[PDB]
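Read top to bottom, the protein sequences are chains A, B, C and D. 61 is the number of the first residue of the first sequence in full-length UniProt numbering; add one for each residue after it. 2 is the number of the first residue of the second sequence in full-length UniProt numbering; add one for each residue after it. 4 is the number of the first residue of the third sequence in full-length UniProt numbering; add one for each residue after it. 2 is the number of the first residue of the fourth sequence in full-length UniProt numbering; add one for each residue after it. We treat Cβ as the ideally placed atom computed from N, Cα and C, and that holds for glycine. Notes to accompany the following structure.
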Amino acid sequence: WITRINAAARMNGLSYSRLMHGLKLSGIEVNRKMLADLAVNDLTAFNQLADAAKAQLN
Amino acid sequence: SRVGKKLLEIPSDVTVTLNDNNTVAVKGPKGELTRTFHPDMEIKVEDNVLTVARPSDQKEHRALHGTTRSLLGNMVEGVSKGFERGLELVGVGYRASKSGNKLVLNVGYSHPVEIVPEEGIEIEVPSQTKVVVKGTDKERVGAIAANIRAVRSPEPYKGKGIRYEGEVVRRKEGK
Amino acid sequence: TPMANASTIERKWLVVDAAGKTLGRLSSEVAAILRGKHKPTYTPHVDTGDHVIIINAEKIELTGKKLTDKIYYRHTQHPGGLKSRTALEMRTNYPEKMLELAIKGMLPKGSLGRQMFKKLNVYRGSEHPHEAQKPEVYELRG
Amino acid sequence: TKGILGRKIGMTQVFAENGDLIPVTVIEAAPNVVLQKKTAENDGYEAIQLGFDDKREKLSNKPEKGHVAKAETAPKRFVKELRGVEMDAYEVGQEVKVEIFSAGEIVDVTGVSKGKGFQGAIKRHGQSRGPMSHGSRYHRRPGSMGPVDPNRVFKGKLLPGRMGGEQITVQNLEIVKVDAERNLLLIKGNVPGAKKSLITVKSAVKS
RNA sequence: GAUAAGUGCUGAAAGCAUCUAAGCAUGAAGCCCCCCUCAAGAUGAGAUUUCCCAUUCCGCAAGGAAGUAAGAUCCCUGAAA
RNA sequence: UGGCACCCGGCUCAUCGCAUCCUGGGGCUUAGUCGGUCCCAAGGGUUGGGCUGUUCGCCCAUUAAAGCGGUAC
RNA sequence: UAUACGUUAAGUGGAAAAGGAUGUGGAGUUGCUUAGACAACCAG
């Protein structure tokens with residue numbers, strides 16, 4: 061799950077560590093890596109989550 | 002004053018063109034040379050003078066710079082006049098040498114040696130105990146003189162051998 | 004219950020030039036691309052990589068004095084047989100083999116690693132014959 | 002360079018002009034015919050092909066007849082390639098004859114040696130015998146088989162096996178006499194191979 | 001063809017010098033080629049020349065089966081093996 | 001009822017290290033003839049006998065040379 | 001293949017050093033010291 065999330069995040073410009081820190085800080089959005097694997101199935105929502113994390117990260 | 006950090010004057014009768022990779026083609030009456038330097042080397046060359054400074058105080062420019070600027074004026078001389086060099090091969094039977102063109106030498110050592118001179122140099126010396134040579138570039142003329150110096154070899158016991166311009170022959174404990 | 008992958012994949016074609024780039028700093032990225040770690044559908048037991056074409060492989064670069072000190076050894080299994088080559092000869096005589104060795108040393112061992120290695124094409128010079136596959140240029144992100 | 006193919010006939014002696022005696026090997030070589038010219042832009046290296054001996058129709062299949070169709074000739078028994086020769090003095094149908102060699106010219110001879118079958122260590126590699134008749138029970142055996150530490154046997158250790166029957170070359174032989182009416186060459190010395198076999202004569206490599 | 005110990009010419013820190021740092025030459029029975037032999041199971045399984053061809057059945061297509069072409073083998077007389 | 005240190009040779013087959021015996025290339029210290037010394041170099045080569053327990057070993061005659069060692073003698 | 005400040009150029013980093021060593025970046029001092037060094041170059 062970590063490897064897949066890392067690849068999906070690097071497809072957006074973020075890295076895994078920065079994305080996880082932003083998610084942990086942009087509220088929490090408790091999301092197990094298993095359920096954040098949804099990058100494979102529906103990539104659009106994963107981009108929304110990454111956008112929120114980026115918005116809080118800066 | 003570092004060896005090379007000077008203002009080298011020139012007769013202003015030569016041609017110079019510049020390109021990238023420090024490709025500086027210096028021509029004129031006769032010579033045409035091109036010495037390329039690493040790009041960090043700043044270039045400051047006027048019509049005749051070259052007031053090149055050092056980009057940095059570290060050894061890539063605190064020491065190497067003095068190597069470059071100096072030799073720059075060298076091309077001008079090599080472009081304009083030429084160069085000369087001298088030698089001697091003093092010996093009892095050291096008259097063996099070339100009768101023009103290619104070199105042919107019997108050392109008295111029972112093996113002869115044959116060499117053909119290259120382009121860019123002229124040799125005008127009838128008596129071969131002394132050697133006088135001329136050319137266009139100091140580097141090539143020095144190599145040529147090195148060629149003829151290596152032709153003959155000295156011996157310690159006897160006061161005879163091959164020497165540079167005005168030089169003595171090695172002497173050792175031979176008895 | 005995540006999703007694995009089984010034969011329902013597509014492999015793209017990428018072309019990377021090796022002009023100026025150092026040996027390892029390019030080989031690592033190329034190996035990572037070859038294993039297929041750059042896509043979210045990664046799978047350890049299935050090949051999901053792409054095809055990598057390298058051009059201008061003879062203009063590679065090495066830092067320091069390695070160009071005259073790095074030595075490639077091999078053994079012929081006979082007594083006293085230990086052949087050696089300096090990096091300069093490897094660069095000026097077999098440029099593609101040095102790149103192939105560097106990339107191959109960075110791939111997992113076993114059947115899948117050796118089958119992964121078959122997707123790499125290395126050419127000396129700036130011309131390749133792979134035209135019908137429509138290669139797409141790809142710069143080194145790292 | 003230049004070369005030709007032939008068949009060995011045997012050995013004899015010849016008296017030279019000053020009155021001394023020299024051994025001679027007789028090579029019989031009917032004229033050869035070129036069959037193919039391999040070029041760089043089509044095959045990757047300059048070469049020519051030569052055929053030597055005629056064989057009747059029954060001992061020939063359609064591919065061989067088709068191959069020899071281009072240069073009009075009967076099917077040939079032996080076909081060999083020569084490379085390094087000048088490629089502008091040959092045609093597809095040209096004929097190579099023994100007159101190309103002149104008496105007193107150095108040459109090379111390549112051929113396949115005889116066979117001796119399964120042979121032991123002493124005859125195959127020229128090793129030594131153990132002592133006899135001093136309480137010793139060691140004769141003709143290969144010898145010790147390495148040291149103890151490696152826990153294995155090194156490659157290259159020589160052991161009995163099938164002997165002979167491989168290509169070899171003899172260099173710097175010279176020609177004593179040549180005649181074209183019988184297509185015979187007389188080399189000085191020995192030549193590898195059994196009688197009636199195939200031997201190739203080439204120009205000197207060392208020169 | 002480059003290289004070791006060495007020999008040099010240019011020229012540096014450092015106006016001088018200076019075979020040494022950027023450079024350029026020469027230099028060993030070692031090192032790669034040249035000589036000889038094996039070598040595409042090199043699964044990366046290469047190349048050129050020549051010969052045979054689009055057979056019959058069901059299955060309408062694919063497909064699968066049978067008899068064959070070029071060519072081999074079984075069997076017999078042997079030995080340069 | 002002292003003193004104070006230590007804890008098998010021969011045969012048949014070979015292979016490796018260089019801390020080089022010969023051959024190659026050098027400085028040298030050495031008229032040349034030579035010889036001594038010190039660097040670089042492991043490719044190849046490096047002997048037949050008599051007395052003898054081959055010893056804390058003698059001799060004979062050759063060769064460009066009759067190297068030192070590791071591999072459970 | 002994060003963000004800042006310095007060191008090292010030899011693969012030191014990747015065992016433990018006597019002994020030897022112009023390798024040597026900084027913080028010091030101590031000299032003579034632009035009517036004046038290190039090359040100065042002309043001149044007992």
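Any C-beta of chain C under 8 Å from that of residue i
i: A/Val90; result: no
i: A/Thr104; result: no
i: A/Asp97; result: yes
i: A/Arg78; result: no
i: A/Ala113; result: no
i: A/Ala68; result: yes
Identity of the residue in the options nearest residue i by Cα
i: D/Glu82; options: D/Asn33, D/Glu18 and D/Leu60; result: D/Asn33
i: D/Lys77; options: D/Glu58, D/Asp89 and D/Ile49; result: D/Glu58
i: D/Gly131; options: D/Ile176, D/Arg141, D/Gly165 and D/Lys63; result: D/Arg141
i: C/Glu64; options: C/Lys112, C/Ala21, C/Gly116 and C/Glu139; result: C/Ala21
i: D/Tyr139; options: D/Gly147, D/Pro148 and D/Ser129; result: D/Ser129
i: C/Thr11; options: C/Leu26, C/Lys24 and C/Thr51; result: C/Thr51
i: D/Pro151; options: C/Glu61, C/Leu37, C/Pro82 and C/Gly113; result: C/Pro82
i: D/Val35; options: D/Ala41, D/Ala104, D/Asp54 and D/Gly121; result: D/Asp54
i: B/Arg172; options: B/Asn20, B/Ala97 and B/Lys159; result: B/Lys159
i: C/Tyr141; options: C/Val18, C/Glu13 and C/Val49; result: C/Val18
i: D/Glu87; options: D/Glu47, D/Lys66, D/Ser61 and D/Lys63; result: D/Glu47
i: D/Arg183; options: D/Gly136, D/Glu100 and D/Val206; result: D/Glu100
i: B/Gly74; options: B/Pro12, B/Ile149, B/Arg153 and B/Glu166; result: B/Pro12
i: D/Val97; options: D/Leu51, D/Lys66, D/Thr74 and D/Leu60; result: D/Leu51
i: B/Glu125; options: B/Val27, B/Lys139, B/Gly175 and B/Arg86; result: B/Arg86
i: A/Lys93; options: C/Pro138, C/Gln80, C/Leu85 and C/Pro5; result: C/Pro5
i: C/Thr25; options: C/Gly116, C/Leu110, C/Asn59 and C/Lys137; result: C/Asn59
i: D/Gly127; options: D/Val113, D/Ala75 and D/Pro143; result: D/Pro143
Minimum Cβ-Cβ distance from residue i to chain A less than 8 Å
i: residue 2 of chain C; result: In the structure as shown, chain C starts at 4 and stops at 145, and residue 2 of chain C therefore has no counterpart that could be examined.
i: C/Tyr45; result: yes
i: C/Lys42; result: yes
Integer Cβ distance of residue i from residue j, believed to fall under 8 Å
i: A/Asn72; j: A/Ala110; result: 5 Å
i: D/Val108; j: D/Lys203; result: 7 Å
i: B/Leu9; j: B/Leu65; result: That belief does not hold up - the Cβ atoms of B/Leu9 and B/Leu65 are roughly 17 Å apart, past 8 Å.
i: B/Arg70; j: B/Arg63; result: Contact doesn't hold; Cβ gap of about 13 Å is too wide.
i: B/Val80; j: B/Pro155; result: Not confirmed; about 37 Å, so no contact.
i: D/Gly45; j: D/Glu73; result: With 8 Å as the limit, D/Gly45 and D/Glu73 do not qualify as a contact, their Cβ atoms being about 28 Å apart.
Do the segment 189 to 205 of chain D and the segment 8 to 16 of chain D touch if we need at least three Cβ pairs shorter than 8 Å?
-> yes
Counting pairs of beta carbons, one from the segment 5 to 18 of chain B and one from the segment 85 to 103 of chain A, are three or more of them closer than 8 Å?
-> no
Given 8 Å, three or more beta-carbon pairs between the segment 91 to 107 of chain C and the segment 121 to 138 of chain C = yes
Pair every Cβ in the segment 124 to 137 of chain B with every Cβ in the segment 73 to 91 of chain B, then say whether three or more of these pairs are closer than 8 Å.
-> yes
Count the C-beta pairs between the segment 11 to 24 of chain D and the segment 88 to 95 of chain C that are closer than 8 Å, then say yes if the count reaches three, no if not.
-> no
Can you find at least 3 beta carbon pairs, one from the segment 137 to 145 of chain B and one from the segment 92 to 101 of chain B, that sit closer than 8 Å?
-> no
Can at least three beta-carbon pairs, one atom from the segment 97 to 105 of chain D and one from the segment 157 to 177 of chain D, be found at a separation below 8 Å?
-> yes
Counting Cβ pairs, one atom from each stretch, are 3 or more of them under 8 Å apart for the segment 152 to 171 of chain D and the segment 113 to 129 of chain D?
-> yes
Counting Cβ pairs, one atom from each stretch, are 3 or more of them under 8 Å apart for the segment 108 to 122 of chain C and the segment 26 to 42 of chain C?
-> yes
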